[PDB]
Amino acid sequence: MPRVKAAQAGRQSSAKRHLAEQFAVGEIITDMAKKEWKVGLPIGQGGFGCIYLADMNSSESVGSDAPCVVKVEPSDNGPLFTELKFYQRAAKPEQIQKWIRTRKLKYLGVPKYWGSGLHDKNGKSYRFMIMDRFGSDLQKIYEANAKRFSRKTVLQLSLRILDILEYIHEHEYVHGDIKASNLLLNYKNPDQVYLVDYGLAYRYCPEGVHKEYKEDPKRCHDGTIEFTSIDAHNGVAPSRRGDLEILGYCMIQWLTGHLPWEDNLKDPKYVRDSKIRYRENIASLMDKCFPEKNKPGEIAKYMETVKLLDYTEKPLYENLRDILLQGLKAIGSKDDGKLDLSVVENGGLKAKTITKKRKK
């Protein structure tokens, strides 16, 4: 006997506001560069959260002080010291121009350092760091553009990632979880993407000593089990193979729309299984991930190549750079129209703390 039933609809809540009025707008703070930055509007969003925009004093012709934003971090220090130390050390106009030009690199995805300092407020010392003005994040763009990233989009994304991964991973740091929220687009220059959330920066080779992958005690996992791979999740510091592995996962993610172990992001066995399962026959699996009229050959060859270099036998990012660009150029694309991500959406995720040993 038939029965009729249906009662469930409507579930969306939106409630954010930013009016201070009393005390906030116009608070000038002098950083270590000896500039007194005038905070303007509370954005709240960014590669961390609670990020402010710099209004500054518009006397007559402001220099470069206006087009910047500032992250706020407690002086108790979580990711800040690691992030800022690298930030200030890497964001050096002189050095950037030099090594980028000489190493034939494309572009470093690191925000320009303007200033940074400490300001005790109400008895709580907050340390602030001034970065480039961000307005677009790949997390909200993921939603708004339905994660449809074309070859030229993914290629350009991974291209700049290759630049930065070599620069950072040649020294000491890693980044296990490559999340869409890690990539921030310049608010008024979308073709140039920056990376933040350096809390997922674990050290593999201290100073410059290539140790050995056995840092794994039981579990550490910097970031989500999604892109962190088996390596970082177990707690082991990955070599070039790790970074290459993670990048491959993000590339196929943007190219296909969704990861099999992401729909299964509720089970450690399935995520591990699926990753190993696909890596068994990378060429076959990658090409068969999105079979219709798509060309996933660049990824297939890339993945075969990265598996072919063992773990750190012969890792050459420029060689991977070559194959990817060669494939892209084969279909008639080469830095097509300066990226493809002009969605300019704002509403990503938050930054995370370093897995130094224990977070309780």
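Quick check of the header: solution NMR.
Keep in mind that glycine also has a Cβ here, set from the backbone N, Cα and C atoms.
Among the candidates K5, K71, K85, the residue that Swiss-Prot annotates alongside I43, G44, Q45, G46, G47, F48, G49, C50, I51 as binding ATP is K71. Residue annotated by Swiss-Prot as phosphoserine (from the set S136, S229, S284, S342): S342. Per Swiss-Prot, the annotated phosphothreonine among residues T224, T355 corresponds to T355.
Shown in sequence order, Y52, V69, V72, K350 are the same-chain residues outside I43, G44, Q45, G46, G47, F48, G49, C50, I51, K71 whose Cβ sits within 8 Å of the Cβ centre of the ATP site. Between the recorded positions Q45, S342, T355, the minimum number of other C-beta atoms within 10 Å of a residue's C-beta occurs at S342.
Ranked by Cβ neighbours within 10 A across all protein chains shown, the binding-site residues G47, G49 are led by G47. The two recorded residues, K71 (SUMO2 cross-link) and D177 (active site, proton acceptor), have Cα atoms 21 Å apart.
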